[PDB]
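> To start, I am sharing the structure in question, which I have written as structure tokens.
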Amino acid sequence: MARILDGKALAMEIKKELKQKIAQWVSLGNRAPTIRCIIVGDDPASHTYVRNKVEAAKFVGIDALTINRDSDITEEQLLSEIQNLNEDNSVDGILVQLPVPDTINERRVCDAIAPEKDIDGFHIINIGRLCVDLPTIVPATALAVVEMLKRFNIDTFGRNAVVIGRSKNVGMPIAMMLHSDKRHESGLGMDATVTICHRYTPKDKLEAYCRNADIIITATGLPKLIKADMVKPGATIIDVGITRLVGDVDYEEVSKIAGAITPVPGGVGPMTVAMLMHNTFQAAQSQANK
Amino acid sequence: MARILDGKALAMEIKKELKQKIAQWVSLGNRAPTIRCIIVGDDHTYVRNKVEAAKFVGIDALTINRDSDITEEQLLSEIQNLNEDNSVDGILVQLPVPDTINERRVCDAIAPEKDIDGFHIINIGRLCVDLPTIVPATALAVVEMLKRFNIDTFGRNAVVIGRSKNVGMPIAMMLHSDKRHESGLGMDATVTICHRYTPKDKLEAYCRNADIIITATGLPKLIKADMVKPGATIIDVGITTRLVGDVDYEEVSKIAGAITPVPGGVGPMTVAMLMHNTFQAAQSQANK
């Protein structure tokens with residue numbers, strides 16, 4: 001039976017450490033980190049997600065405030081509120097909850113947030129720094145996956161890693177970090193040999209890559225199935241949980257083969273929220289330094 | 001034997017197209033695109049090649065020579081003046097620059113609109129989210145060679161050797177990405193990125209499994225005949241002085257279906273794509 005990579009319990013460990021580190025930094029003469037989460041509409045799932053971010057902020061000592069807007073807000077109104085938060089020195093981090101209406105161009109929204117306050121790390125400047133393997137604000141779900149590997153002592157250096165999914169918000173940043181060079185200034189250097197599989201990878205080729213992989217990360221929103229015959233004995237399987245939501249792994253059979261595996265549910269959600277808190281603390285420190 | 005992918009001849013074909021499209025654009029009331037290349041120290045030959053292709057296609061190029069003991073602030077003040085110079089459409093710094101010079105700061109000092117090399121973090125960030133951008137020229141050369149030589153990429157197994165921020169990373173980015181996205185440069189291949197810490201056994205296994213190998217490490221004789229799948233396409237981006245590439249050329253040519261030689265392969269295509277990028281930037285600035 002594989003070791004369980006329980007992201008919920010790890011997130012608790014991380015949130016406890018963050019609580020202490022934030023208090024120490026505040027005690028040097030700093031204001032506690034602040035985050036503003038913009039919510040557009042009344043999607044009940046988007047409100048659950050924002051409440052989770054707020055509850056974790058309270059736990060670690062970050063001051064969070066939710067700004068609710070109506071589904072009919074115009075793009076010009078949303079960008080106007082972001083630019084106001086950009087210029088407000090009492091705000092360290094800005095998030096936009098990511099089901100925004102079809103009226104609004106998501107790309108313009110991501111790039112309107114000041115990079116220094118872009119807790120989601122989706123601004124092109126932050127993505128650019130990630131991809132040249134430079135210190136930046138890294139997207140939280142990708143950072144969560146990387147943190148699960150590091151905290152569970154999963155060997156990446158020179159190992160074969162397959163990432164199933166190339167999404168710009170999740171799959172691409174995961175692959176980029178997995179093949180980072182440790183020596184570079186970024187320091188998020190895992191040095192794995194990474195194969196990026198995606199919606200057009202043929203089934204038989206995907207299975208061959210998976211059979212030779214030491215690590216498989218399923219990040220795609222399209223239905224994939226990792227079966228036991230795709231898994232190298234002792235390999236590490238992380239299901240990111242992108243998808244209402246479903247699981248991408250034949251857990252019962254793959255657990256008999258894999259060396260380490262995400263449970264069902266995987267806790268990647270709680271890990272993502274903990275990494276958002278990490279990013280808010282990181283941003284607050286950078287701004288205080290500059 | 002392998003099909004020899006004649007990059008010199010393809011580059012000439014592209015440069016003749018550019019010459020015509022630039023002249024047509026100029027005739028609408030526009031000034032010819034201008035480029036300033038900054039070189040620090042001695043060796044320049046690359047810059048001779050850049051300036052020769054610029055003259056061929058109708059781009060006005062000037063080279064700015066600086067002695068090797070220039071400081072960062074001086075180099076950055078030189079770039080700033082060129083940013084504000086409305087007669088200059090494109091700026092390049094001939095890297096390598098001395099170690100006292102921080103490359104990242106210099107890359108981000110060029111105005112993104114004039115950054116012909118595509119190394120500004122804004123241009124790189126747009127590349128990585130599949131937006132139209134100024135694409136690094138060697139990476140764009142590789143993608144254009146795959147298209148013009150009709151090398152199938154959709155769902156194919158590809159290996160990129162090398163992670164360099166200027167070459168290896170953008171190649172792997174475009175090669176695996178979705179062509180439906182706004183940039184339209186994605187090639188929808190399955191891509192394995194191998195690098196200096198890939199163990200030798202696993203490197204050879206990925207190479208033997210690949211339909212396309214793109215190597216940009218600068219390690220001569222890295223790719224051997226027993227590492228190549230029969231019929232595979234071999235794109236050799238490396239250029240080392242012993243000018244050789246990363247591939248054992250005469251032996252791999254017996255197994256591969258298609259191969260780029262060194263010299264005469266990616267090199268001339270890089271220069272042609274630099275001219276493509278200069279024309280692109282001049283058009284964007286006139287339209288803005």
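Starting from 1 in every chain, residues are counted up; chains themselves are A, B, ... following the order of the structure tokens, and ligands are numbered from 1 as listed.
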Distance limit 6 Å, atoms considered: only C-alpha atoms. Which chain B residues sit that close to chain A? Return them as a list in words.

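Contact residues on the first chain: residues 121, 122, 124, 125, 129, 155, 165, 190, 191, 192, 193, 194, 197 and 198 of chain B.
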
> What lies within 6 Å of range 39-42 of chain B using only C-alpha atoms, ignoring chain neighbours under 3 positions off, as a count of residues only?

5

> Using DSSP on the backbone coordinates, identify all residues within range 31-84 of chain B classified as strand (DSSP E or B); present the result as a count of residues only.

14

> Could you tell me which of B:202, B:176, B:120, B:31 comes closest to residue 89 in chain B if we count only C-alpha atoms?

B:31

> Write out as a list in words which residues come within 6 Å of residue 177 in chain B when counting only C-alpha atoms, dropping same-chain ones fewer than 4 positions away.

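Result of the neighbour search: residues 186, 187 and 188 of chain B.
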
> Residue 5 in chain B: which residues within 12 Å, counting only C-alpha atoms, same-chain residues fewer than 2 positions away excluded, as a VMD selection string?

chain B and resid 2 to 3 7 to 11 142 145 to 151 233 to 236 253 256 to 266 269

> I need the residues from that last selection saved to file as a tab-separated table (two decimals), in the first residue's frame (with N, CA and C atoms), if you can.


```tsv
chain	number	residue	atom	x	y	z
B	2	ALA	N	19.32	10.47	-44.41
B	2	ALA	CA	18.40	11.50	-43.94
B	2	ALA	C	18.22	12.60	-44.99
B	3	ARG	N	16.98	13.07	-45.11
B	3	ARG	CA	16.73	14.35	-45.76
B	3	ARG	C	17.51	15.46	-45.06
B	7	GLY	N	18.64	24.90	-44.09
B	7	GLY	CA	18.20	26.13	-43.44
B	7	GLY	C	18.69	27.38	-44.14
B	8	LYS	N	19.89	27.33	-44.72
B	8	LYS	CA	20.39	28.46	-45.49
B	8	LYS	C	19.45	28.80	-46.63
B	9	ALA	N	19.03	27.79	-47.39
B	9	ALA	CA	18.14	28.03	-48.53
B	9	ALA	C	16.75	28.45	-48.08
B	10	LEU	N	16.24	27.87	-46.99
B	10	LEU	CA	14.95	28.33	-46.48
B	10	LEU	C	15.04	29.77	-45.99
B	11	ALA	N	16.15	30.12	-45.31
B	11	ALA	CA	16.31	31.48	-44.82
B	11	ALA	C	16.31	32.48	-45.97
B	142	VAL	N	13.23	27.54	-35.18
B	142	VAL	CA	12.96	26.11	-35.10
B	142	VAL	C	11.51	25.81	-35.47
B	145	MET	N	10.99	26.27	-39.17
B	145	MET	CA	11.57	25.16	-39.92
B	145	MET	C	10.69	23.91	-39.85
B	146	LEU	N	10.14	23.59	-38.67
B	146	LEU	CA	9.26	22.42	-38.58
B	146	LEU	C	8.05	22.58	-39.51
B	147	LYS	N	7.51	23.79	-39.59
B	147	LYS	CA	6.35	24.03	-40.44
B	147	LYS	C	6.73	24.01	-41.91
B	148	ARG	N	7.79	24.73	-42.28
B	148	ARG	CA	8.12	24.87	-43.70
B	148	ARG	C	8.65	23.58	-44.30
B	149	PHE	N	9.29	22.74	-43.50
B	149	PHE	CA	9.75	21.44	-43.96
B	149	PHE	C	8.70	20.34	-43.74
B	150	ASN	N	7.48	20.71	-43.33
B	150	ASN	CA	6.35	19.79	-43.20
B	150	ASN	C	6.69	18.62	-42.28
B	151	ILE	N	7.24	18.94	-41.11
B	151	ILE	CA	7.47	17.96	-40.06
B	151	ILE	C	6.23	17.92	-39.18
B	233	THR	N	13.08	13.13	-36.88
B	233	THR	CA	13.58	14.42	-37.32
B	233	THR	C	14.50	15.02	-36.26
B	234	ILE	N	15.71	15.42	-36.68
B	234	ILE	CA	16.76	15.90	-35.77
B	234	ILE	C	17.04	17.37	-36.09
B	235	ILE	N	16.73	18.26	-35.16
B	235	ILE	CA	16.97	19.70	-35.30
B	235	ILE	C	18.13	20.05	-34.37
B	236	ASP	N	19.25	20.46	-34.95
B	236	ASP	CA	20.49	20.69	-34.20
B	236	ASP	C	20.68	22.19	-34.02
B	253	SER	N	22.92	10.82	-39.57
B	253	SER	CA	22.31	10.94	-40.89
B	253	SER	C	21.96	9.59	-41.51
B	256	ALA	N	18.37	8.90	-39.00
B	256	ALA	CA	17.30	9.89	-38.95
B	256	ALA	C	16.62	10.03	-40.30
B	257	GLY	N	15.33	10.40	-40.27
B	257	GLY	CA	14.63	10.70	-41.51
B	257	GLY	C	14.94	12.08	-42.05
B	258	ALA	N	15.33	13.01	-41.18
B	258	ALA	CA	15.61	14.37	-41.60
B	258	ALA	C	16.50	15.00	-40.54
B	259	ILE	N	17.46	15.82	-40.98
B	259	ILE	CA	18.45	16.40	-40.08
B	259	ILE	C	18.83	17.78	-40.59
B	260	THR	N	19.06	18.71	-39.66
B	260	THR	CA	19.65	20.00	-39.99
B	260	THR	C	21.17	19.93	-39.86
B	261	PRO	N	21.92	20.40	-40.85
B	261	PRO	CA	23.38	20.44	-40.72
B	261	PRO	C	23.82	21.63	-39.88
B	262	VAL	N	25.06	21.55	-39.40
B	262	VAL	CA	25.72	22.67	-38.75
B	262	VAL	C	27.12	22.83	-39.33
B	263	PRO	N	27.43	23.93	-40.03
B	263	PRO	CA	26.58	25.11	-40.27
B	263	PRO	C	25.56	24.91	-41.38
B	264	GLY	N	24.75	25.94	-41.62
B	264	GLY	CA	23.79	25.95	-42.70
B	264	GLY	C	22.40	25.48	-42.35
B	265	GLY	N	22.09	25.31	-41.06
B	265	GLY	CA	20.78	24.83	-40.66
B	265	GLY	C	19.97	25.87	-39.90
B	266	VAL	N	20.01	25.81	-38.57
B	266	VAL	CA	19.24	26.75	-37.77
B	266	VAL	C	19.85	28.15	-37.80
B	269	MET	N	18.55	30.66	-40.28
B	269	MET	CA	17.15	30.86	-39.94
B	269	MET	C	16.99	31.77	-38.72
```

> Between B:213, B:127, B:158, B:38, which one has atoms that come closest to residue 173 in chain B, using only C-alpha atoms?

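Among the listed residues, the smallest separation from residue 173 in chain B belongs to B:127.
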
> Quick one: distance from CA of residue 275 in chain B to CA of residue 182 in chain B in Å, one decimal?

22.4 Å

> Find the residue from A:114, A:216, A:64, A:104 that sits nearest to residue 164 in chain A; use only C-alpha atoms when measuring.

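Ranking A:114, A:216, A:64, A:104 by distance to residue 164 in chain A, first place goes to A:216.
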
> Check range 60-94 of chain B with DSSP on the backbone and list each residue it calls helix (DSSP H, G or I), as number ranges by chain.

B: 72-84

> Could the residues in this selection be saved with N, CA and C atoms as a PDB file, in the first residue's frame?


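Writing done, so here's out-v9.pdb:
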```pdb
ATOM      1  N   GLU B  72      27.500  48.888 -15.927  1.00  0.00           N
ATOM      2  CA  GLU B  72      26.086  48.598 -16.147  1.00  0.00           C
ATOM      3  C   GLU B  72      25.300  49.881 -16.379  1.00  0.00           C
ATOM      4  N   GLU B  73      25.509  50.882 -15.518  1.00  0.00           N
ATOM      5  CA  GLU B  73      24.779  52.138 -15.644  1.00  0.00           C
ATOM      6  C   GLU B  73      25.023  52.781 -17.004  1.00  0.00           C
ATOM      7  N   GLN B  74      26.246  52.673 -17.523  1.00  0.00           N
ATOM      8  CA  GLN B  74      26.521  53.212 -18.850  1.00  0.00           C
ATOM      9  C   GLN B  74      25.758  52.438 -19.915  1.00  0.00           C
ATOM     10  N   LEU B  75      25.834  51.106 -19.869  1.00  0.00           N
ATOM     11  CA  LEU B  75      25.099  50.291 -20.832  1.00  0.00           C
ATOM     12  C   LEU B  75      23.602  50.541 -20.728  1.00  0.00           C
ATOM     13  N   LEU B  76      23.090  50.692 -19.503  1.00  0.00           N
ATOM     14  CA  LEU B  76      21.661  50.934 -19.315  1.00  0.00           C
ATOM     15  C   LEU B  76      21.262  52.344 -19.736  1.00  0.00           C
ATOM     16  N   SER B  77      22.158  53.322 -19.582  1.00  0.00           N
ATOM     17  CA  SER B  77      21.865  54.651 -20.104  1.00  0.00           C
ATOM     18  C   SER B  77      21.899  54.666 -21.625  1.00  0.00           C
ATOM     19  N   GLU B  78      22.781  53.864 -22.222  1.00  0.00           N
ATOM     20  CA  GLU B  78      22.806  53.716 -23.673  1.00  0.00           C
ATOM     21  C   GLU B  78      21.494  53.133 -24.184  1.00  0.00           C
ATOM     22  N   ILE B  79      20.957  52.138 -23.477  1.00  0.00           N
ATOM     23  CA  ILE B  79      19.693  51.525 -23.874  1.00  0.00           C
ATOM     24  C   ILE B  79      18.541  52.505 -23.694  1.00  0.00           C
ATOM     25  N   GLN B  80      18.549  53.265 -22.595  1.00  0.00           N
ATOM     26  CA  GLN B  80      17.465  54.207 -22.360  1.00  0.00           C
ATOM     27  C   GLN B  80      17.390  55.251 -23.467  1.00  0.00           C
ATOM     28  N   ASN B  81      18.534  55.820 -23.861  1.00  0.00           N
ATOM     29  CA  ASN B  81      18.546  56.782 -24.959  1.00  0.00           C
ATOM     30  C   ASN B  81      17.915  56.188 -26.208  1.00  0.00           C
ATOM     31  N   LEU B  82      18.233  54.926 -26.497  1.00  0.00           N
ATOM     32  CA  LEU B  82      17.676  54.278 -27.676  1.00  0.00           C
ATOM     33  C   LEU B  82      16.184  54.013 -27.514  1.00  0.00           C
ATOM     34  N   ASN B  83      15.724  53.746 -26.285  1.00  0.00           N
ATOM     35  CA  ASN B  83      14.290  53.592 -26.054  1.00  0.00           C
ATOM     36  C   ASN B  83      13.523  54.846 -26.439  1.00  0.00           C
ATOM     37  N   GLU B  84      14.069  56.015 -26.117  1.00  0.00           N
ATOM     38  CA  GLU B  84      13.381  57.277 -26.346  1.00  0.00           C
ATOM     39  C   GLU B  84      13.630  57.840 -27.737  1.00  0.00           C
TER      40      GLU B  84
END
```

> Counting only C-alpha atoms, which residue out of B:1, B:91, B:281, B:274 sits closest to residue 54 in chain B?

B:274

> Between CA of residue 84 in chain A and CA of residue 43 in chain A, what distance in Å does the model show, to one decimal?

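The value is 24.6 Å.
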
> Would you mind listing what lies within 12 Å of range 47-51 of chain B as an MDAnalysis selection string, with only C-alpha atoms counted and same-chain residues fewer than 6 positions away left out?

chainID B and resid 15 34:40 57:65 92:95 137 267:276 278

> Can you pull out every residue within 12 Å of residue 29 in chain B, counting only C-alpha atoms, but drop anything in the same chain fewer than 5 positions away, and send it as a VMD selection string?

chain B and resid 22 to 24 283 286

> For residue 20 in chain A, which residue among A:138, A:163, A:90, A:281 is the nearest when counting only C-alpha atoms?

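Nearest candidate to residue 20 in chain A out of A:138, A:163, A:90, A:281: A:281.
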
> Please provide the set of residues having any atom within 7 Å of residue 69 in chain A, restricted to only C-alpha atoms, with same-chain residues fewer than 4 positions apart removed, written as an NGL selection string.

:A and (39-41 or 73)
